[PDB]
Amino acid sequence: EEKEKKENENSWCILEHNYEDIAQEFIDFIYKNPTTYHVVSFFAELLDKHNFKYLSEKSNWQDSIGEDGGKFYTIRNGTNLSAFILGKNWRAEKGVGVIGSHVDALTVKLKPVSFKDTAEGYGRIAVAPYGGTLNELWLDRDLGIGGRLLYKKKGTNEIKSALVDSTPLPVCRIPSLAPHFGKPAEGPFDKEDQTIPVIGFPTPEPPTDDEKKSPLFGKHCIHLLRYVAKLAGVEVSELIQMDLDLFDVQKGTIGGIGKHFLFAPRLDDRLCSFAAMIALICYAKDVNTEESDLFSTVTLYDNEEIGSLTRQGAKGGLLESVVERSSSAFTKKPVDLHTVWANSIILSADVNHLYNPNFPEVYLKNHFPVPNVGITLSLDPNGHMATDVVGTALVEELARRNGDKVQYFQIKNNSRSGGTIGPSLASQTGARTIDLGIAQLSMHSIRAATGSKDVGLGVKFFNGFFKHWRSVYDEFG
Amino acid sequence: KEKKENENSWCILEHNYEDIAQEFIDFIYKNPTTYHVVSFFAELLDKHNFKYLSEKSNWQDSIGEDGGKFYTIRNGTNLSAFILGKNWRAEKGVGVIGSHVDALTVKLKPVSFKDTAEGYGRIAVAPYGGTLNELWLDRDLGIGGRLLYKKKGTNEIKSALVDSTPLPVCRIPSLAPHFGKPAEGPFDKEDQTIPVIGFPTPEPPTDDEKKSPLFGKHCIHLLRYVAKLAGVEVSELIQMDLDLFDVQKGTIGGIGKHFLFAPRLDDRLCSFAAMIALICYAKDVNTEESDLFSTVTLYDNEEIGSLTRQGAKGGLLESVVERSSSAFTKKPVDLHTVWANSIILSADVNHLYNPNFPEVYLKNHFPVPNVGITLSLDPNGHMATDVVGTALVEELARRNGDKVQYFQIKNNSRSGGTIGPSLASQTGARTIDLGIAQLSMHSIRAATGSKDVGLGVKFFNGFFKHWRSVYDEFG
Amino acid sequence: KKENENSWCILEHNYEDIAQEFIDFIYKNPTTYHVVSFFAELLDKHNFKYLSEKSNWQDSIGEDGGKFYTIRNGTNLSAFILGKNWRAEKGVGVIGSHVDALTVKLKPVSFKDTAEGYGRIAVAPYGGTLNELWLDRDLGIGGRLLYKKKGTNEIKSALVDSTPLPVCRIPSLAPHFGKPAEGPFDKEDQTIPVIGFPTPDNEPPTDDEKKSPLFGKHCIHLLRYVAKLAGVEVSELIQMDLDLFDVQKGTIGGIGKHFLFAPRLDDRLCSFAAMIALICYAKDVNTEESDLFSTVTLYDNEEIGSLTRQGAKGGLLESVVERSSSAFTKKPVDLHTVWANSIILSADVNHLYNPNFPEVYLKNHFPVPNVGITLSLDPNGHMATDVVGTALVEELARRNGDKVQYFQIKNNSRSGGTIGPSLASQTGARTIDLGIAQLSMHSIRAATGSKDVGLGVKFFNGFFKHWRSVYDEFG
Ligand SMILES: C[As](C)(=O)[O-]
Ligand SMILES: C[As](C)(=O)[O-]
Ligand SMILES: C[As](C)(=O)[O-]
Ligand SMILES: C[As](C)(=O)[O-]
Ligand SMILES: C[As](C)(=O)[O-]
Ligand SMILES: C[As](C)(=O)[O-]
Ligand SMILES: [Zn+2]
Ligand SMILES: [Zn+2]
Ligand SMILES: [Zn+2]
Ligand SMILES: [Zn+2]
Ligand SMILES: [Zn+2]
Ligand SMILES: [Zn+2]
């Protein structure tokens, strides 16, 4: 009972040097929450279990947050979440300790009309890529279906939503052509005409009159509508709309001959999102908000893989909104947000690239990370990352204090860089922003890899950030 | 009787789609530049009892507890009209239609002067967006836009709009195919697609005309002409912002009159439909009794990416809502709560199925003429439309008796972007990309359905009436 | 006193002194850090009070207004003068420029193994550097060191500069070797700075030196060198952000001394000219009497797209005006009214006519040396300049006795973009892109007219004196 509670804290927050348990919780998390909707829902439920109070965006917060502050979260669009801890003794000059990550991952979306005519008896579905999917890595993979259904119960005018998930059933697969056929079997393949998921081969019930009353009748195969309705526990007639993903249902696993690796889908950026959220929860356990003088948050964004210019992406400003609304409700007096942000540190936590020993020519000597060491700073002099000399120094100081190791990633001068939310958050807030993350192999694959210790090592680092960033940043004044 | 007949034609109350189609054609023809379009809507708003508010003055003394019907203009090319009900509160949100009034055109260069070329007069021009291609060759081009002038013996700089219509002052002449390879396009936009304005025979500049700041920057024939159109002296002209545009008047067409052919549909088609819908809706709205905040905001510079003060990224919508709500309550307004409860229709024209290019249209995701409004859907952020917005629009249409169509690109194709994503992130409000579909977007002369203007007006009117009620189903 | 004012502020037609001060400024302040520090020291000497971003400005700015400046990141500076009689309807008179220039940055780990005895350092390009123009140039090293004195927990900053010593040179391969000596060259493997060729008798690292966080990240000779320049121990070094730059001092040139040759003109030329205009202007402003709000805001990261906290998109201008106006009045300020009445000059260098490349310059739309400020015009959103802005600057010039030139690209050419569109969009204010024209933009060593620095200062000084009065004629 009491020993199990101590052992639980030790596993989740790596207090007894137990990295294996947190690695498995991450794997289970990825497997049980295939879509962005599931991930945000998982964290929402996690936050409820650790006494964070949900606040709706749709209502003013002046009545919900008082002088004692506390632990809160809000959700936008079901895909964009911000959790935060506000201290009774917080002032504008203390700033905010932020970790910003994204919860969207490369996937395949069902088209608004997924219906395709049968092709020599084969059932197929019309889909679209979200980011750079539907390539050769997506061929011959077991694909489940899941996401958000919108429904309206009979004899009501309420539109409600349900999350669905076929796991472990792979409902479809994108079949490669056998190499025996020659040149037609050689990639790359047309994302509209060639990489189409095969969902069935049915044999010889037709649609009922009630099923035909569904808004989605004609838009999707009657078998599909029946299936998702059964998963949701509603009638076909009640289905209003849907937003469904196809995703790899292969469960993650520890691997390598010495178990040094973790293989799993959708690491970018659910890896950092998970580690940052668990760190927040671990940190929150020992925070009395009545005595604290800090403002801490993890904010999770959608649509980072498509450039962040949506209301649920980093450019939509959920962070800025949360800090403005909370501080207004907290003090009930004029808060200078420019002073707030000038004293803040934002960690833009996004996965970066582990050294791949089979492609040494793309990695910059002395500026790549390796597995199971620690967090990696993303450095770039051309604005792809927001990291600057003070932020580098802050993180290195933090790590030396907390016993963490820090690695570097920067591109070769003849190479090219990805871009993160970091520059966007820095510009929108005016606050010093540091791009960093847990490094991984095979980013944007359907199944990626990181170190087996790296989930725990990330949790450890981010926990130390929340504990010590304010004290460390004060050295620079 | 006359007022009942006008309401039927303009607001499609008696099922009359012909008249509103003709008014749209007349509107496009009579207002060739963005300046003219904004001026048209300003005059229209004045006639329906909307009060102009200047951006340069604080609105607290102009808007009170009763709210009302208002509009404002930035740069002469960015206009926001709004209806603020006396019983509005932050949790009601705002119902917004955002469209753009800029269209592909050709601009006179700051110095339009060119030396005569074997006797031919020509003017130096620049493309605004993807113009000066083969579709702009051999078209009758009028000249028009904004002149800035200063009356002689005064210091004030004033504005006049000018328009040569029906006179086409110039034409970009194709080379006869007889000459062979030189006559094959594409053509150089600087050296080959140059408007020919005249061929003058053997008065030189007077001493007064030389006092013009524009003397030497434009041909004296041109300066005299635009001076005459504005009713000012050449000496008084300080600057100008002039377009060249197709003066071919729009028309109903097709063997069964199913089509409307007209220039500059992108996006004056949705802008007109949304604005007429707002005026129709406003006729039956008592602002003393209303609990809603409704707006149509019209932007400039969308075709060049919206990053100007008069484009979507310049934030006129957000400013209007902030200034209105501060003046209205005279107390702190939670603008985050306002936008969280809002719906933005990003109304921009999308693509009708072209039966001659079936390979670029996505099966089950193309619109056809004369059916209804088309949702623009995109999973990679080119459009702001999401699952809830789709369901909302479909719910709204089922209630109002409208039809809804889909547009989405093929996976192996390419998509343009709209202001929708910009508005969504700037406000944090759910934004829905949709519009009236058309053929031949970005041509000098495009086409849509002859009923689509009226169908568009009907849908947007339905939006203003029922969006709040329908969106409450999702809460 | 009068001789100093006449030299700096060009009051007795002395253009050579200010040109030489500019050359000295460029030579003594090679990095963005030095440039901001130079302007900070200049502002201090002219009685502008420094305000930290990290504290509320309520206790530093009162109803009297005054002369102030603030700094973000050591590279983003905003200086401003706020009049006691200022109100929202007077707006703000803004010059916005950038102080970052194309350079070469040391990598976070600059260490390289010796290569047949040669010492080299690992570096990266900031903008389009490490090309053939960067070969065979004498390169100095300088920038910001972070250190922590022994027995303290205080991270402090020091600026270092090797000038006149060129520590580095990127050596071209001799043409004798043939094809390998033909560019372009790989920026990672071929354009690597050579820093030395050490001999055995450069001592081994001491135990204290090994305690540095930077031990292993840079070779010990480099660490010892930068420690000696800052006056600290190697062990105390925490981090560094260092540039490589041309140490060739600028000069007046041409057979008639019509030119000025110097490195890093983009955009320290306009920044210097704008800042000196502000100080010259500020000498005769009594803030107790003034009703104006004036600012020069200097940005970092313009050359890489401005999307950082210290770039234009980070909003230091907007922040300055909001914080100032809040502390100034303590009765709420309508910022939308403020910006609606404002003028922003986006002052960034544009392109002088290069007579060797006539084919890329647009006839009647290029500037020449020693005439005056050049308006940057573009109808596709690369610049923010509009017809009213053009007329304002021309009016202003006519009143102050300045000359104005034009720059616009040919229809078949390509344009760069400035911060102008960003600033116009973020504020909603009318923004005018203009600048002092130069040859050879983005070279390691560029050129402008020898009179153009003074002509720039004179024009910008005229702007601060007269912009409010002139813009009132357009109302
Ligand atoms: C050669 As193919 C278009 O079938 O990948
Ligand atoms: C766009 As990314 C840095 O999540 O691969
Ligand atoms: C070959 As050509 C420039 O006359 O279209
Ligand atoms: C830039 As567009 C969607 O108006 O063609
Ligand atoms: C031809 As080479 C890559 O040595 O510049
Ligand atoms: C990006 As630029 C207009 O300073 O060359
Ligand atoms: Zn990614
Ligand atoms: Zn990522
Ligand atoms: Zn368009
Ligand atoms: Zn459009
Ligand atoms: Zn530049
Ligand atoms: Zn520049």
# chains A, B, ... in the order shown; residues from 1 in each chain; ligands from 1

$ residues_near_ligand --ligand "ligand 7" --cutoff "10 Å" --atoms "only C-alpha atoms and all ligand atoms" --output "list in words"
residues 102, 104, 105, 106, 131, 132, 266, 267, 268, 269, 304, 305, 306, 350, 351, 352, 418, 419, 420, 443, 444 and 445 of chain A

$ write_last_selection --atoms "C-alpha atoms" --output "PDB file, in the first residue's frame"
ATOM      1  CA  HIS A 102       3.888  18.740 -30.344  1.00  0.00           C
ATOM      2  CA  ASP A 104       0.718  15.434 -33.898  1.00  0.00           C
ATOM      3  CA  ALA A 105       2.698  12.776 -35.764  1.00  0.00           C
ATOM      4  CA  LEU A 106       3.006  11.782 -39.424  1.00  0.00           C
ATOM      5  CA  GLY A 131       3.036  15.074 -43.687  1.00  0.00           C
ATOM      6  CA  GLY A 132       5.465  12.830 -45.631  1.00  0.00           C
ATOM      7  CA  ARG A 266       5.218   8.061 -33.847  1.00  0.00           C
ATOM      8  CA  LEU A 267       8.161   9.144 -31.639  1.00  0.00           C
ATOM      9  CA  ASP A 268       8.218  12.571 -33.308  1.00  0.00           C
ATOM     10  CA  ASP A 269       7.144  14.251 -31.017  1.00  0.00           C
ATOM     11  CA  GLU A 304       3.586  21.171 -36.068  1.00  0.00           C
ATOM     12  CA  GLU A 305       4.328  18.733 -38.905  1.00  0.00           C
ATOM     13  CA  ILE A 306       2.372  21.004 -41.309  1.00  0.00           C
ATOM     14  CA  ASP A 350      11.295  18.375 -30.043  1.00  0.00           C
ATOM     15  CA  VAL A 351      13.075  15.179 -31.064  1.00  0.00           C
ATOM     16  CA  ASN A 352      16.339  15.636 -33.012  1.00  0.00           C
ATOM     17  CA  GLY A 418      14.253  20.856 -40.172  1.00  0.00           C
ATOM     18  CA  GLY A 419      12.432  23.685 -38.330  1.00  0.00           C
ATOM     19  CA  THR A 420      10.643  23.445 -34.965  1.00  0.00           C
ATOM     20  CA  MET A 443      12.507  10.311 -37.732  1.00  0.00           C
ATOM     21  CA  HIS A 444       9.373  10.291 -39.955  1.00  0.00           C
ATOM     22  CA  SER A 445       9.531   6.519 -40.482  1.00  0.00           C
TER      23      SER A 445
END

$ residues_around --residues "residue 426 in chain C" --least-positions-apart "5" --cutoff "9 Å" --atoms "only C-alpha atoms" --output "PyMOL selection string"
(chain B and resi 307-309+313-315) or (chain C and resi 313+315+318+421)

$ residues_near_ligand --ligand "ligand 12" --cutoff "8 Å" --atoms "only C-alpha atoms and all ligand atoms" --output "compact mmCIF listing (two decimals) with N, CA and C atoms, in the first residue's frame"
# COMPACT_ATOMS: atom_id res chain seq x y z
N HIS C 98 18.04 46.90 -39.42
CA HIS C 98 18.69 45.74 -38.80
C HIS C 98 20.20 45.90 -38.67
N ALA C 101 24.56 41.42 -39.84
CA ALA C 101 25.11 41.38 -41.19
C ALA C 101 25.62 39.99 -41.49
N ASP C 266 25.12 46.31 -45.24
CA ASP C 266 23.77 45.79 -45.07
C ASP C 266 23.62 45.21 -43.65
N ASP C 267 22.95 45.87 -42.70
CA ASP C 267 22.25 47.17 -42.82
C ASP C 267 22.75 48.15 -41.75
N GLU C 302 17.53 39.68 -39.31
CA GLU C 302 16.83 40.05 -40.54
C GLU C 302 17.34 39.23 -41.72
N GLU C 303 18.64 38.94 -41.74
CA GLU C 303 19.24 38.19 -42.84
C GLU C 303 18.82 36.72 -42.88
N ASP C 348 16.20 49.94 -44.91
CA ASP C 348 17.16 48.92 -45.27
C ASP C 348 17.81 49.24 -46.61
N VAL C 349 19.11 49.04 -46.69
CA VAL C 349 19.88 49.29 -47.90
C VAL C 349 19.25 48.60 -49.11
N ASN C 350 19.24 49.31 -50.24
CA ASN C 350 18.79 48.76 -51.51
C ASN C 350 19.95 48.88 -52.53
N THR C 418 12.27 42.68 -47.02
CA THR C 418 12.77 43.37 -45.83
C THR C 418 11.88 43.04 -44.64

$ interface_residues --of "chain A" --to "chain B" --cutoff "7 Å" --atoms "only C-alpha atoms" --output "PDB file with N, CA and C atoms, in the first residue's frame"
ATOM      1  N   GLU A  57     -11.787  26.808 -22.224  1.00  0.00           N
ATOM      2  CA  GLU A  57     -11.473  28.018 -22.998  1.00  0.00           C
ATOM      3  C   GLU A  57     -12.671  28.926 -23.238  1.00  0.00           C
ATOM      4  N   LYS A  58     -13.856  28.325 -23.338  1.00  0.00           N
ATOM      5  CA  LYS A  58     -15.075  29.042 -23.700  1.00  0.00           C
ATOM      6  C   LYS A  58     -15.634  29.972 -22.617  1.00  0.00           C
ATOM      7  N   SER A  59     -15.160  29.850 -21.372  1.00  0.00           N
ATOM      8  CA  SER A  59     -15.603  30.719 -20.265  1.00  0.00           C
ATOM      9  C   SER A  59     -14.439  31.454 -19.615  1.00  0.00           C
ATOM     10  N   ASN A  60     -14.719  32.660 -19.130  1.00  0.00           N
ATOM     11  CA  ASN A  60     -13.737  33.480 -18.426  1.00  0.00           C
ATOM     12  C   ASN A  60     -13.269  32.786 -17.140  1.00  0.00           C
ATOM     13  N   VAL A 113     -14.661  11.880 -48.094  1.00  0.00           N
ATOM     14  CA  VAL A 113     -15.357  10.761 -48.696  1.00  0.00           C
ATOM     15  C   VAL A 113     -14.296   9.679 -48.926  1.00  0.00           C
ATOM     16  N   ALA A 128      -5.519  10.333 -47.490  1.00  0.00           N
ATOM     17  CA  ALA A 128      -4.591  11.425 -47.794  1.00  0.00           C
ATOM     18  C   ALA A 128      -3.448  11.419 -46.791  1.00  0.00           C
ATOM     19  N   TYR A 130      -0.807  12.869 -44.117  1.00  0.00           N
ATOM     20  CA  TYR A 130      -0.574  13.973 -43.194  1.00  0.00           C
ATOM     21  C   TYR A 130       0.932  14.045 -42.975  1.00  0.00           C
ATOM     22  N   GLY A 131       1.572  15.040 -43.588  1.00  0.00           N
ATOM     23  CA  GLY A 131       3.036  15.074 -43.687  1.00  0.00           C
ATOM     24  C   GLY A 131       3.532  14.038 -44.692  1.00  0.00           C
ATOM     25  N   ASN A 157     -30.675  17.008 -29.924  1.00  0.00           N
ATOM     26  CA  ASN A 157     -29.942  17.945 -30.784  1.00  0.00           C
ATOM     27  C   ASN A 157     -28.502  18.193 -30.301  1.00  0.00           C
ATOM     28  N   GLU A 158     -27.952  17.255 -29.526  1.00  0.00           N
ATOM     29  CA  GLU A 158     -26.569  17.337 -29.046  1.00  0.00           C
ATOM     30  C   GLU A 158     -25.633  16.594 -30.002  1.00  0.00           C
ATOM     31  N   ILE A 159     -24.620  17.298 -30.510  1.00  0.00           N
ATOM     32  CA  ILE A 159     -23.529  16.678 -31.252  1.00  0.00           C
ATOM     33  C   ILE A 159     -22.458  16.352 -30.223  1.00  0.00           C
ATOM     34  N   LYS A 160     -22.143  15.068 -30.082  1.00  0.00           N
ATOM     35  CA  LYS A 160     -21.100  14.608 -29.166  1.00  0.00           C
ATOM     36  C   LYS A 160     -20.064  13.828 -29.942  1.00  0.00           C
ATOM     37  N   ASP A 190       3.049   6.672 -56.751  1.00  0.00           N
ATOM     38  CA  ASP A 190       2.078   7.771 -56.766  1.00  0.00           C
ATOM     39  C   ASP A 190       1.202   7.688 -55.508  1.00  0.00           C
ATOM     40  N   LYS A 191       1.170   8.768 -54.729  1.00  0.00           N
ATOM     41  CA  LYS A 191       0.439   8.782 -53.458  1.00  0.00           C
ATOM     42  C   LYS A 191      -1.087   8.766 -53.616  1.00  0.00           C
ATOM     43  N   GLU A 192      -1.595   9.078 -54.812  1.00  0.00           N
ATOM     44  CA  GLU A 192      -3.035   9.057 -55.084  1.00  0.00           C
ATOM     45  C   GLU A 192      -3.486   7.732 -55.701  1.00  0.00           C
ATOM     46  N   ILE A 240     -22.470  11.699 -37.628  1.00  0.00           N
ATOM     47  CA  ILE A 240     -22.537  13.038 -38.228  1.00  0.00           C
ATOM     48  C   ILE A 240     -21.316  13.290 -39.111  1.00  0.00           C
ATOM     49  N   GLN A 241     -20.136  13.131 -38.514  1.00  0.00           N
ATOM     50  CA  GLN A 241     -18.858  13.271 -39.214  1.00  0.00           C
ATOM     51  C   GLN A 241     -17.779  12.407 -38.562  1.00  0.00           C
ATOM     52  N   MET A 242     -16.620  12.339 -39.208  1.00  0.00           N
ATOM     53  CA  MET A 242     -15.478  11.652 -38.623  1.00  0.00           C
ATOM     54  C   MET A 242     -14.133  12.142 -39.143  1.00  0.00           C
ATOM     55  N   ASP A 243     -13.132  11.982 -38.282  1.00  0.00           N
ATOM     56  CA  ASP A 243     -11.746  12.360 -38.525  1.00  0.00           C
ATOM     57  C   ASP A 243     -10.901  11.159 -38.086  1.00  0.00           C
ATOM     58  N   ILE A 306       2.847  20.243 -40.145  1.00  0.00           N
ATOM     59  CA  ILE A 306       2.372  21.004 -41.309  1.00  0.00           C
ATOM     60  C   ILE A 306       2.646  22.525 -41.209  1.00  0.00           C
ATOM     61  N   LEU A 309       0.698  26.783 -38.450  1.00  0.00           N
ATOM     62  CA  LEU A 309      -0.230  27.880 -38.716  1.00  0.00           C
ATOM     63  C   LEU A 309      -1.690  27.408 -38.735  1.00  0.00           C
ATOM     64  N   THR A 310      -2.154  26.970 -37.564  1.00  0.00           N
ATOM     65  CA  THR A 310      -3.561  26.702 -37.291  1.00  0.00           C
ATOM     66  C   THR A 310      -3.840  27.191 -35.872  1.00  0.00           C
ATOM     67  N   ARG A 311      -5.116  27.261 -35.506  1.00  0.00           N
ATOM     68  CA  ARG A 311      -5.500  27.665 -34.149  1.00  0.00           C
ATOM     69  C   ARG A 311      -5.030  26.687 -33.068  1.00  0.00           C
ATOM     70  N   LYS A 315       1.475  28.631 -33.524  1.00  0.00           N
ATOM     71  CA  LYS A 315       1.124  29.983 -33.953  1.00  0.00           C
ATOM     72  C   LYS A 315      -0.276  30.428 -33.507  1.00  0.00           C
ATOM     73  N   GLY A 316      -1.113  29.492 -33.053  1.00  0.00           N
ATOM     74  CA  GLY A 316      -2.438  29.806 -32.504  1.00  0.00           C
ATOM     75  C   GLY A 316      -2.445  30.402 -31.105  1.00  0.00           C
ATOM     76  N   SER A 321      -2.137  32.775 -24.412  1.00  0.00           N
ATOM     77  CA  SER A 321      -3.500  32.876 -23.903  1.00  0.00           C
ATOM     78  C   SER A 321      -3.616  32.373 -22.462  1.00  0.00           C
TER      79      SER A 321
END

$ residues_around --residues "range 231-240 of chain B" --least-positions-apart "3" --cutoff "8 Å" --atoms "only C-alpha atoms" --output "number ranges by chain"
B: 145-152, 208-214, 223-224, 227-228; C: 387-388, 390-391

$ closest_residue --among "A:440, A:56, A:74, A:339" --to "chain C" --atoms "only C-alpha atoms"
A:339

$ residues_near_ligand --ligand "ligand 10" --cutoff "6 Å" --atoms "only C-alpha atoms and all ligand atoms" --output "PDB file with N, CA and C atoms, in the first residue's frame"
ATOM      1  N   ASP B 266     -12.124  35.911 -58.489  1.00  0.00           N
ATOM      2  CA  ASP B 266     -11.300  35.641 -57.322  1.00  0.00           C
ATOM      3  C   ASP B 266     -10.837  36.967 -56.650  1.00  0.00           C
ATOM      4  N   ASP B 267     -11.431  37.423 -55.545  1.00  0.00           N
ATOM      5  CA  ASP B 267     -12.478  36.783 -54.750  1.00  0.00           C
ATOM      6  C   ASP B 267     -13.628  37.785 -54.546  1.00  0.00           C
ATOM      7  N   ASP B 348     -13.450  32.078 -49.690  1.00  0.00           N
ATOM      8  CA  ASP B 348     -12.643  32.313 -50.882  1.00  0.00           C
ATOM      9  C   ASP B 348     -13.044  31.332 -51.975  1.00  0.00           C
ATOM     10  N   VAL B 349     -13.119  31.816 -53.210  1.00  0.00           N
ATOM     11  CA  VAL B 349     -13.474  30.960 -54.346  1.00  0.00           C
ATOM     12  C   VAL B 349     -12.581  29.711 -54.444  1.00  0.00           C
TER      13      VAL B 349
END

$ closest_residue --among "A:82, A:10, A:308, A:327" --to "ligand 2" --atoms "only C-alpha atoms and all ligand atoms"
A:308

$ select_by_dssp --residues "range 138-248 of chain C" --states "strand (DSSP E)" --output "PyMOL selection string"
chain C and resi 139-148+155-161+194-196+237-246

$ residues_near_ligand --ligand "ligand 5" --cutoff "9 Å" --atoms "only C-alpha atoms and all ligand atoms" --output "PyMOL selection string"
chain C and resi 173+179-186+190

$ interface_residues --of "chain A" --to "chain C" --cutoff "6 Å" --atoms "only C-alpha atoms" --output "JSON, numbers by chain"
{"A": [339, 342, 343, 382, 413, 414, 423, 426, 427, 430, 475, 476]}

$ residues_around --residues "residue 359 in chain C" --least-positions-apart "5" --cutoff "10 Å" --atoms "only C-alpha atoms" --output "list in words"
residues 354, 410 and 413 of chain C

$ interface_residues --of "chain C" --to "chain B" --cutoff "6 Å" --atoms "only C-alpha atoms" --output "list in words"
residues 337, 340, 341, 380, 411, 412, 421, 424, 425, 428, 473 and 474 of chain C

$ write_last_selection --atoms "N, CA and C atoms" --output "PDB file, in the first residue's frame"
ATOM      1  N   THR C 337      -5.548  53.027 -32.309  1.00  0.00           N
ATOM      2  CA  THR C 337      -5.542  54.440 -32.690  1.00  0.00           C
ATOM      3  C   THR C 337      -4.110  54.949 -32.845  1.00  0.00           C
ATOM      4  N   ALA C 340      -2.708  53.411 -36.119  1.00  0.00           N
ATOM      5  CA  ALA C 340      -3.434  53.961 -37.271  1.00  0.00           C
ATOM      6  C   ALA C 340      -2.936  55.358 -37.667  1.00  0.00           C
ATOM      7  N   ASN C 341      -2.412  56.112 -36.697  1.00  0.00           N
ATOM      8  CA  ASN C 341      -1.816  57.436 -36.937  1.00  0.00           C
ATOM      9  C   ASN C 341      -0.278  57.461 -37.064  1.00  0.00           C
ATOM     10  N   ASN C 380       4.292  43.246 -55.419  1.00  0.00           N
ATOM     11  CA  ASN C 380       3.982  41.880 -54.989  1.00  0.00           C
ATOM     12  C   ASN C 380       4.359  41.576 -53.525  1.00  0.00           C
ATOM     13  N   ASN C 411      10.264  43.082 -64.239  1.00  0.00           N
ATOM     14  CA  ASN C 411       9.212  42.049 -64.198  1.00  0.00           C
ATOM     15  C   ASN C 411       9.751  40.617 -64.349  1.00  0.00           C
ATOM     16  N   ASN C 412      10.883  40.477 -65.043  1.00  0.00           N
ATOM     17  CA  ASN C 412      11.566  39.196 -65.251  1.00  0.00           C
ATOM     18  C   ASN C 412      12.750  38.969 -64.303  1.00  0.00           C
ATOM     19  N   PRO C 421       7.133  44.565 -44.518  1.00  0.00           N
ATOM     20  CA  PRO C 421       5.850  43.854 -44.471  1.00  0.00           C
ATOM     21  C   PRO C 421       5.488  43.280 -43.087  1.00  0.00           C
ATOM     22  N   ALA C 424       4.558  46.327 -40.779  1.00  0.00           N
ATOM     23  CA  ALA C 424       3.260  46.862 -41.216  1.00  0.00           C
ATOM     24  C   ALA C 424       2.103  45.962 -40.782  1.00  0.00           C
ATOM     25  N   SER C 425       2.283  44.652 -40.946  1.00  0.00           N
ATOM     26  CA  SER C 425       1.271  43.664 -40.554  1.00  0.00           C
ATOM     27  C   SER C 425       1.069  43.579 -39.036  1.00  0.00           C
ATOM     28  N   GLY C 428      -0.285  47.357 -38.001  1.00  0.00           N
ATOM     29  CA  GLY C 428      -1.390  47.959 -38.746  1.00  0.00           C
ATOM     30  C   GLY C 428      -1.076  49.353 -39.281  1.00  0.00           C
ATOM     31  N   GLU C 473      -1.373  66.620 -43.722  1.00  0.00           N
ATOM     32  CA  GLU C 473      -1.932  67.089 -45.010  1.00  0.00           C
ATOM     33  C   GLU C 473      -2.743  66.012 -45.761  1.00  0.00           C
ATOM     34  N   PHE C 474      -2.486  64.744 -45.443  1.00  0.00           N
ATOM     35  CA  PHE C 474      -3.205  63.609 -46.035  1.00  0.00           C
ATOM     36  C   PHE C 474      -4.519  63.290 -45.306  1.00  0.00           C
TER      37      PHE C 474
END

$ residues_near_ligand --ligand "ligand 3" --cutoff "12 Å" --atoms "only C-alpha atoms and all ligand atoms" --output "count of residues only"
22

$ residues_around --residues "residue 116 in chain C" --least-positions-apart "3" --cutoff "10 Å" --atoms "only C-alpha atoms" --output "ChimeraX atom specification"
/C:113,119,197

$ select_by_dssp --residues "range 392-442 of chain A" --states "helix (DSSP H, G or I)" --output "ChimeraX atom specification"
/A:392-402,422-429

$ closest_residue --among "C:355, C:435, C:250, C:456" --to "ligand 6" --atoms "only C-alpha atoms and all ligand atoms"
C:435

$ residues_around --residues "range 271-274 of chain B" --least-positions-apart "3" --cutoff "7 Å" --atoms "only C-alpha atoms" --output "count of residues only"
14

$ residues_near_ligand --ligand "ligand 1" --cutoff "10 Å" --atoms "only C-alpha atoms and all ligand atoms" --output "PyMOL selection string"
chain A and resi 177+181-191+193-195
